[PDB]
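Asks:
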Amino acid sequence: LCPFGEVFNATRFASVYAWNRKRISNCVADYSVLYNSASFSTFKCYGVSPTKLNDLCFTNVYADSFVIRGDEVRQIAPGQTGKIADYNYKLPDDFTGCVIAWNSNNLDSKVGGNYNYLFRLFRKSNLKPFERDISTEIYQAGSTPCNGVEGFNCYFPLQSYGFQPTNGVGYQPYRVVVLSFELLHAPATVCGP
Amino acid sequence: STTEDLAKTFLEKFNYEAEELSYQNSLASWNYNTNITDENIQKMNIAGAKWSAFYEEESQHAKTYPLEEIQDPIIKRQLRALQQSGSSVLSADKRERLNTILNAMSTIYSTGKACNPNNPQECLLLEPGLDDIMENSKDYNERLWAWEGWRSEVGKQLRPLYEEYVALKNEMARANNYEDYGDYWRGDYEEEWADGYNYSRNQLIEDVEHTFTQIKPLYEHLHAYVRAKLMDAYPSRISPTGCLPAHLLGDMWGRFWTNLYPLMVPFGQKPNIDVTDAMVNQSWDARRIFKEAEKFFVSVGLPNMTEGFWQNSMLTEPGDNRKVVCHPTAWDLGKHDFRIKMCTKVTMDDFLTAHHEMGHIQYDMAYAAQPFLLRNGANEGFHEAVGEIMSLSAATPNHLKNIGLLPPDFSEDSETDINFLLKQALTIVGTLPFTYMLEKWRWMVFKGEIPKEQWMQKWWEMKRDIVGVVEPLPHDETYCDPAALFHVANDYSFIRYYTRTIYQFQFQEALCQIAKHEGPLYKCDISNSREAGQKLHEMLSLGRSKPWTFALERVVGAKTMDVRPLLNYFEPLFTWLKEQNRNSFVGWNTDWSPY
Ligand SMILES: *[C@@H]1O[C@H](CO)[C@@H](O[C@@H]2O[C@H](CO)[C@@H](O)[C@H](O)[C@H]2NC(C)=O)[C@H](O)[C@H]1NC(C)=O
Ligand SMILES: [Zn+2]
Numbered sequence: 335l336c337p338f339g340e341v342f343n344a345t346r347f348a349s350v351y352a353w354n355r356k357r358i359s360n361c362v363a364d365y366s367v368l369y370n371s372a373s374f375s376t377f378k379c380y381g382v383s384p385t386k387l388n389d390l391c392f393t394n395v396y397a398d399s400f401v402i403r404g405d406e407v408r409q410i411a412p413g414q415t416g417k418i419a420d421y422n423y424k425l426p427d428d429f430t431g432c433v434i435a436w437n438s439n440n441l442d443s444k445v446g447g448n449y450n451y452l453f454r455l456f457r458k459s460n461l462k463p464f465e466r467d468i469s470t471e472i473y474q475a476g477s478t479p480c481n482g483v484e485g486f487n488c489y490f491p492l493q494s495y496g497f498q499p500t501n502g503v504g505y506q507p508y509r510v511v512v513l514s515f516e517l518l519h520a521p522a523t524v525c526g527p
Numbered sequence: 019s020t021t022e023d024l025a026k027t028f029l030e031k032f033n034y035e036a037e038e039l040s041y042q043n044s045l046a047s048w049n050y051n052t053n054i055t056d057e058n059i060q061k062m063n064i065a066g067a068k069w070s071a072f073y074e075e076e077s078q079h080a081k082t083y084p085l086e087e088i089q090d091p092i093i094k095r096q097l098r099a100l101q102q103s104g105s106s107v108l109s110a111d112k113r114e115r116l117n118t119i120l121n122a123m124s125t126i127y128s129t130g131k132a133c134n135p136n137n138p139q140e141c142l143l144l145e146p147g148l149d150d151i152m153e154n155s156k157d158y159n160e161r162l163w164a165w166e167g168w169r170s171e172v173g174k175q176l177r178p179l180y181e182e183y184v185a186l187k188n189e190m191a192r193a194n195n196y197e198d199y200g201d202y203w204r205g206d207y208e209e210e211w212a213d214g215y216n217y218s219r220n221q222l223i224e225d226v227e228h229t230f231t232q233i234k235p236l237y238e239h240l241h242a243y244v245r246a247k248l249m250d251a252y253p254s255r256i257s258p259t260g261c262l263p264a265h266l267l268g269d270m271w272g273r274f275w276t277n278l279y280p281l282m283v284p285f286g287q288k289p290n291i292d293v294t295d296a297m298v299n300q301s302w303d304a305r306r307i308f309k310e311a312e313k314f315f316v317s318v319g320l321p322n323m324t325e326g327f328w329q330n331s332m333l334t335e336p337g338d339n340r341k342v343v344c345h346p347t348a349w350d351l352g353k354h355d356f357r358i359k360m361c362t363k364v365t366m367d368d369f370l371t372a373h374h375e376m377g378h379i380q381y382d383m384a385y386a387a388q389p390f391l392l393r394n395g396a397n398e399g400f401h402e403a404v405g406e407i408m409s410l411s412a413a414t415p416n417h418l419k420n421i422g423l424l425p426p427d428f429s430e431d432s433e434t435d436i437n438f439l440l441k442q443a444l445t446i447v448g449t450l451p452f453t454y455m456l457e458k459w460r461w462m463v464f465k466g467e468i469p470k471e472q473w474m475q476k477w478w479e480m481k482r483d484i485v486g487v488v489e490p491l492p493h494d495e496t497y498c499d500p501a502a503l504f505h506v507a508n509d510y511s512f513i514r515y516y517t518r519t520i521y522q523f524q525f526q527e528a529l530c531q532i533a534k535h536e537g538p539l540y541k542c543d544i545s546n547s548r549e550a551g552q553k554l555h556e557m558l559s560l561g562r563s564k565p566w567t568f569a570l571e572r573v574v575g576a577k578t579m580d581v582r583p584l585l586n587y588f589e590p591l592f593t594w595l596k597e598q599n600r601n602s603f604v605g606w607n608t609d610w611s612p613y
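Following this line, the structure appears as structure tokens:
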């Protein structure tokens, strides 16, 4: 059937700067199962109705997946500002889709700490929507060159999370899946009645 | 690129690294206090030494940016907390000698013992053996050898070590553009870069001296009532017009007058209020105590506890092979992790202690959205003052009838209110001349007004004049009597216990007017009043973003401290004291001595 079981029930999830994108086509999806799952903490669809919404032949669907903190879920929205919104992941002002997130504290936390997820802290400028940038340069703050060393006004432009199971609710891991219903001229085989 | 953008980029890197590194230090100290073994102390001292070496490397990074080129109040309050340095300005041979002197004074105090005259096989330590004599005995000659022997064996060994500690501390202060080490300690109350809310280090001396002269009529009527009741317990030993001997105050030093209550009770037939037996008959446990404290804060408008509070706290003794220190503390580990560790018993004293410790948690949950360097109270007296007023309303008899611990046909007695007010005055009023005299002697000795050949001469001149306490035996220039206290020998300041009492009654008098209370102030109960909970929450969520003169005006409506709310609380007691003192003498003279 649809590859929705390979997206939501995957054992590995990516980081927020090197995030993943998957194309889903040639299947019929049962969207009513996802609506009445009663397991997701947030379910906010933009542009489309919160109704049954089954018999709609969309052009293409993308599945993006990453792990962030629980105090940054409000930044995954159009017209928002922050560290995640400016440097890592950006949504346009005309977005048609839905944002699904749920707690994953029992899967992504260890006694001692988990340090396998990264985010970018310093950057010169912002980025366009749907833009991915991977780099390992040296961020120069002042005018004195660094020449690949960390001294004064020289910083390494990456930062890692630290996840423990005894943290507060705002510091716990959250697993985020974003679905985009792009509209384009196509036969539009993905209907799912 | 200006220098303000260089100091702003520096603080966005410091916040993410100091938060993750201070959490590993706090988590490694929780596992030792709840499980005392040999392997836990090794992991405690390793993670506690990485935080001290990381912090001093960035204290030299912060001084690359001059403080006079920043025009932002948020940034400048964070840079001055990171640009401060201590003993790093000295040389290597001077800094190594300073830590040798400090460690040697702390081992004499914790391992010193005084032996018993006329029985030389009995030598007793301070905490298990010497505190029981001074707090429970009624013999005149038993309390005398336990008072002299502590100061002639322990205090005369710190005298040559304390003089070299003064000279090394006065060399560190003069290299940081201060005038002496006393001026160094008074900088905690200094406020700057404000328009109309400024405060100076010289202004603190004028504020303490002004408020002390207004409590002197109240302290004289309490001094006369104690002296006339101590002449029955120790007959033919106290002069009717004079001072009080130092070894008969119910304590080793005389800091509190609490243990003298059974020798002076106004109405000896009316009992006190004690609800420790109705809790046993209704089958109350340790979880019932902490659930009643949570319903108190909900009725005033404050939130509930989190889910991890009930799973990670230690509310009872484990009863296993583990060894746990039983001391009530509230822990803020960081990353929104709140715990309480105490060993709870079903009494009335543990009922009121749960309201005090939960008041510290409500303060910590309010400023959680502040930056990492600005998560504290307004100064060093604000944090304990919030917890004291929460335990003041829960002991009122109006509140105890509403929770079923008293029968509905309970009649208020006017003779049991005198009993409640005298016991409060022995703890609160009786310790205020003691704290004023301690800090005034240390400020002069750091400045040079008192030469080293006149140290003990000025110590007993201010006891007779300010406090009214006379020495039992004469001393000379080989003693060090202030060095027998815990805070002096461990390098702690003592002025935080004076200003905390004055702030306590200013908050209580203001909140009982919003609640439309009718009657005297000692019967006030702020429960089921949501208007009084919104006023207190506006001050608790500020942190250290604003000066402490700004945060005081949001609650009481004034910039500086005032002592007139404190004199209104003890106004029924003040009328009863003057009627009892109609055939006595108020005052003392400094010519009588026991020797
Ligand atoms: C209290 O501390 C002791 C030692 O500090 C802990 O004993 C260790 O437990 C771990 C895990 O079970 C073992 O791998 C070690 O070999 C034990 N060490 C020793 C010396 O026995 C003990 O587990 C701690 N108690 C609790 C409840 O965690
Ligand atoms: Zn406290």
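Just so you know, the protein sequences line up as chains B and A, in that order. Following PDB author numbering, the numbering of the first sequence begins with 335 at its first residue and continues without gaps. Following PDB author numbering, the numbering of the second sequence begins with 19 at its first residue and continues without gaps. Don't be surprised by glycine CBs; every beta carbon is placed ideally from N, CA and C.
Cβ closer than 9 Å: which chain A residues qualify as neighbours of B/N460?
Replies: Residue mapping note: residue 460 of chain B aligns to position 126 of the first sequence, counting from 1. Residues of chain A passing the Cβ test: none, with the nearest at roughly 16 Å.
Asks: For a contact defined as C-beta to C-beta under 7 Å, what are the partners of B/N487 on chain A?
Replies: Stepping through the first sequence from its first residue, residue 487 of chain B is reached at position 153. Residues of chain A passing the Cβ test: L24.
Asks: I'd like to know whether the C-beta of A/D90 is nearer than 8 Å to at least one C-beta of chain B.
Replies: One-based indexing of the second sequence puts residue 90 of chain A at position 72. It does not; no Cβ of chain B falls within 8 Å.
Asks: Return the Cβ separation of A/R177 and A/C498 in integer angstroms, given the expectation that the two are a contact with Cβ distance under 8 Å.
Replies: Taking the second sequence and counting its residues from 1, one reaches residue 177 of chain A at position 159. Taking the second sequence and counting its residues from 1, one reaches residue 498 of chain A at position 480. The Cβ separation is near 4 Å, so the contact holds.
Asks: To the nearest angstrom, how far is it from the Cα of A/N277 to the Cα of A/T259?
Replies: Here residue 277 of chain A is taken as the residue at index 259 of the second sequence, counted from 1. Here residue 259 of chain A is taken as the residue at index 241 of the second sequence, counted from 1. If I take the Cα positions, the gap works out to 24 Å.
Asks: Give the straight-line distance between the Cα atoms of B/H519 and B/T393, rounded to the nearest whole angstrom.
Replies: Residue mapping note: residue 519 of chain B aligns to position 185 of the first sequence, counting from 1. Residue mapping note: residue 393 of chain B aligns to position 59 of the first sequence, counting from 1. The alpha-carbon atoms of B/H519 and B/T393 are separated by roughly 7 Å.
Asks: Closer than 8 Å by beta-carbon distance: list the chain B residues that pair up with A/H354, in chain order.
Replies: Looking up residue 354 of chain A in the second sequence gives position 336. Within chain B, the residues near A/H354 are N501, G502, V503, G504, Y505.
Asks: May I ask you to report which of helix, strand or coil DSSP gives A/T445?
Replies: Here residue 445 of chain A corresponds to residue number 427 of the second sequence, with the count starting at 1. It is coil, neither helix nor strand.
Asks: Report yes if the C-beta distance between A/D355 and A/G326 is below 8 Å; otherwise report no.
Replies: The count along the second sequence starts at 1 and reaches residue 355 of chain A at position 337. The count along the second sequence starts at 1 and reaches residue 326 of chain A at position 308. It is a contact, given that the beta carbons lie within the stated cut-off.
Asks: Straight-line CA distance for A/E197 to A/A191?
Replies: Here residue 197 of chain A is taken as the residue at index 179 of the second sequence, counted from 1. Here residue 191 of chain A is taken as the residue at index 173 of the second sequence, counted from 1. For A/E197 and A/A191, the distance between alpha carbons rounds to 7 Å.
Asks: Quick one: is B/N422 buried, meaning 16 or more other Cβ sit within 10 Å of its Cβ, or exposed?
Replies: As a position in the first sequence, residue 422 of chain B is number 88, starting the count at 1. The residue in question, B/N422, is buried, as its Cβ has 16 or more Cβ neighbours within 10 Å.
Asks: So, at 7 Å on beta carbons, what are the nonlocal neighbours of B/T523 in its own chain, with the 5 sequence-adjacent residues on each side left out?
Replies: Residue numbering aside, residue 523 of chain B sits at position 189 when the first sequence is read from its first letter. If we look at B/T523 and ignore the five residues flanking it on each side, its Cβ neighbours are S359, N360.
Asks: With distance defined between alpha-carbon atoms, name the residue in B/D398, B/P463, B/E516 nearest to B/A344.
Replies: The residue you call residue 344 of chain B lines up with position 10 of the first sequence. Nearest C-alpha to B/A344: B/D398.
Asks: Any heavy atom of ligand 1 closer than 7 Å to the Cβ of A/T55?
Replies: In the second sequence, the residue the question calls residue 55 of chain A occupies position 37. Yes - ligand 1 has a heavy atom lying nearer than 7 Å to the Cβ of A/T55.
Asks: Where do the N-terminal and C-terminal ends of the beta strand (DSSP E) with B/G431 fall, by residue?
Replies: Locating residue 431 of chain B in the first sequence gives position 97, counting from the first residue. Counting along the chain, the beta strand (DSSP E) containing B/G431 begins and ends at 431-437.
Asks: Count the other CB atoms, across all protein chains shown, that sit within 10 Å of the CB of A/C141; report buried if there are 16 or more and exposed otherwise.
Replies: Taking the first residue of the second sequence as position 1, residue 141 of chain A is located at position 123. Under this definition A/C141 is an exposed residue.
Asks: With a cut-off of 8 Å, does the C-beta of A/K94 fall near any C-beta of chain B?
Replies: Mapped onto the second sequence, residue 94 of chain A falls at position 76. Taking Cβ atoms only, chain B never reaches closer than 8 Å to A/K94, which makes this a no.
Asks: Which one or two residues does DSSP pair with A/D350 in a beta bridge?
Replies: Taking the second sequence and counting its residues from 1, one reaches residue 350 of chain A at position 332. Answer is A/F356, bridged to A/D350.
Asks: At which residue ranges does the region 39-95 of chain A contain complete alpha helix (DSSP H) runs of 4 or more residues, listed in the order of the chain?
Replies: As far as the region 39-95 of chain A is concerned, its whole alpha helix (DSSP H) runs of at least 4 residues are 57-79.
Asks: Measure the alpha-carbon distance for A/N136 versus A/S128 and round it to whole angstroms.
Replies: Translated into positions along the second sequence, residue 136 of chain A becomes position 118. Translated into positions along the second sequence, residue 128 of chain A becomes position 110. Cα to Cα, the separation comes out at about 25 Å.
Asks: What three-state label does DSSP hand A/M332 in the structure shown?
Replies: Within the second sequence, numbered from 1, the residue matching residue 332 of chain A stands at position 314. A/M332 falls in the strand class under three-state DSSP.
Asks: In chain A, which residues lie with their C-beta within 9 Å of the C-beta of B/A475?
Replies: As a first step, residue 475 of chain B is located in the first sequence; it is residue number 141 there, counting from the start. Residues of chain A passing the Cβ test: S19, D23, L24, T27, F28.
Asks: Chain A partners of B/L455, CB-CB under 8 Å?
Replies: The count along the first sequence starts at 1 and reaches residue 455 of chain B at position 121. What B/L455 touches in chain A: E30, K31, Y34.
Asks: When DSSP labels each residue in this structure, what does B/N354 get in the three-state scheme?
Replies: Numbered from its first residue, the first sequence carries residue 354 of chain B at position 20. B/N354: strand per DSSP, three-state reduction.
Asks: Cα separation between residue 623 of chain A and A/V487?
Replies: It is not possible to answer for residue 623 of chain A, since the shown part of chain A is limited to 19 through 613.
Asks: Give the interface partners of A/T347 over in chain B, defined as CB-CB distance under 9 Å, in chain order.
Replies: Indexing the second sequence from 1 puts residue 347 of chain A at position 329. None at all; the shortest Cβ gap to chain B is about 18 Å.
Asks: Starting from A/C498, trace the alpha helix (DSSP H) in both directions and tell me its first and last residue.
Replies: The count along the second sequence starts at 1 and reaches residue 498 of chain A at position 480. No alpha helix (DSSP H) contains A/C498, which DSSP labels as neither H nor E.
Asks: What residues in the region 327-341 of chain A have a beta carbon less than 8 Å from any beta carbon of chain B?
Replies: If the cut-off is 8 Å between Cβ atoms, the region 327-341 of chain A has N330 near chain B.
Asks: Go through its chain and collect everything with a Cβ distance to residue 616 of chain A's Cβ below 6 Å, but skip five positions before and after it.
Replies: The question about residue 616 of chain A has no answer here: the residues shown for chain A are numbered 19 through 613.
Asks: Return the residue from the list A/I233, A/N397, A/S47 that minimises the CA-CA distance to A/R518.
Replies: For the purposes of this step, residue 518 of chain A is identified with residue 500 of the second sequence, where counting begins at 1. Here the closest residue by C-alpha is A/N397.
Asks: If we cut at 8 Å on Cβ distances, does B/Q409 have a partner in chain A?
Replies: As a position in the first sequence, residue 409 of chain B is number 75, starting the count at 1. For B/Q409, the answer is no, since every Cβ of chain A falls outside 8 Å of its Cβ.
Asks: Enumerate in chain order the residues of its own chain whose CB-to-CB distance from A/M249 is below 6 Å, with the five nearest sequence positions on each side excluded.
Replies: The residue you call residue 249 of chain A lines up with position 231 of the second sequence. Only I256 meet the Cβ criterion.
Asks: Helix, strand or coil for A/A533 per DSSP?
Replies: Counted from its first residue, the second sequence places residue 533 of chain A at position 515. Residue state, collapsed to three classes: coil.
Asks: Below 7 Å, is the gap between the Cβ of A/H378 and the nearest heavy atom of ligand 2?
Replies: Translated into the one-based positions of the second sequence, residue 378 of chain A becomes position 360. Because some heavy atom of ligand 2 lies under 7 Å away, the Cβ of A/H378 counts as near it: yes.
Asks: With 8 Å as the C-beta to C-beta threshold (strictly closer), list the residues of the region 66-83 of chain A near chain B in chain order.
Replies: From the region 66-83 of chain A, only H79, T82 have a Cβ closer than 8 Å to chain B.
Asks: Less than 8 Å between the C-beta atoms of B/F515 and B/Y489, yes or no?
Replies: One-based indexing of the first sequence puts residue 515 of chain B at position 181. One-based indexing of the first sequence puts residue 489 of chain B at position 155. No, the pair does not count as a contact, with Cβ atoms beyond the cut-off.
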